[PDB]
Structure formats: C-alpha cells, structure tokens
C-alpha cells in the first residue's frame, strides 16, 4: 500500500532526506550521472532496459544518458518537495510508477537503485543512516509497482 509506505516517512526520516538532498541535489548532472553509471556497473543485467539511451558506458559523454540523468534528479527534487503533503507525494509517486510499469520494471528491480544511492551518499560522507532514509523513500515507489 503506497499510503502505508508514505506513512513511514516520519519526522526524522524527512529530516535526513532533506539534509542529504541539500548536498546531493546541488549537482544534479554530476550526481545523476554517477547514480546511473553505478547502477550499470553493479547491476549489469539492467542495461538492456535502457536501449533507448545507446552506449551507456560512455557516461557523461552520452547526451541521452546525461538528459536522462538530470531528469531523474528532478523526479527526486519533486518527491523531496512533496514530503509535507502525503496525498501530493502519493500522486507524483503514482505518475512515475506508471513510467516504470510500462517498461516492465518490478518492485524488486526498482530496488536495485538502493546500492547506487548508498554509494553516492557515501562518497559525500553520508552514512548508513542516510542510505536507510533513502530506502524508505524508494519503498514508497516500490509499493506502487
């Protein structure tokens, strides 16, 4: 249930999301590209979903991947801005869920982003506490898939 998952975003979780986002969200291009390339490198079996982007091993040099990456960072921006209001967060979550459901992405496959998030956070000196906050957010999308 997306509503019950949404309810798990307590005060403290909300705080850690915001605090960490101030750092990560400040370089959407660099951080968005790092997230995607870490996904591809650690979870080789997902690359086939992204045929439209072309040669993903090109990283920042691939225009489509750069376009994709920036845009994904605005989806995260979106979620962060909706934390005050659960009915609003849920509706945006459901919109992006649709984008993945049509590409045949399951909850389980969607959760493969947790690895890359924890890594990108760690590279910025945000630890397990923060990785765990982010898993709770990703879980809300999971509940929609």
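Positions refer to the first chain, counted from 1.
Original post:
In the PDB record, does 103-111 or 72-80 carry the higher mean Cα temperature factor?
Top reply: Here the higher of the two C-alpha B-factor means belongs to 103-111.
**OP:** Compare the mean C-alpha B-factor of 2-10 with that of 134-142 as given in the PDB entry, and name the stretch with the higher value.
**Re:** The recorded data point to 2-10.
**OP:** Can you pull the Cα B-factors for 117, 56, 33, 90 from the entry and say which is highest?
**Re:** Most elevated C-alpha B-factor of the set, per the entry: 56.
Original post:
In terms of the chain's CA B-factor thirds, is residue 17 lowest, middle or highest?
Top reply: CA B-factor rank for residue 17: lowest third.
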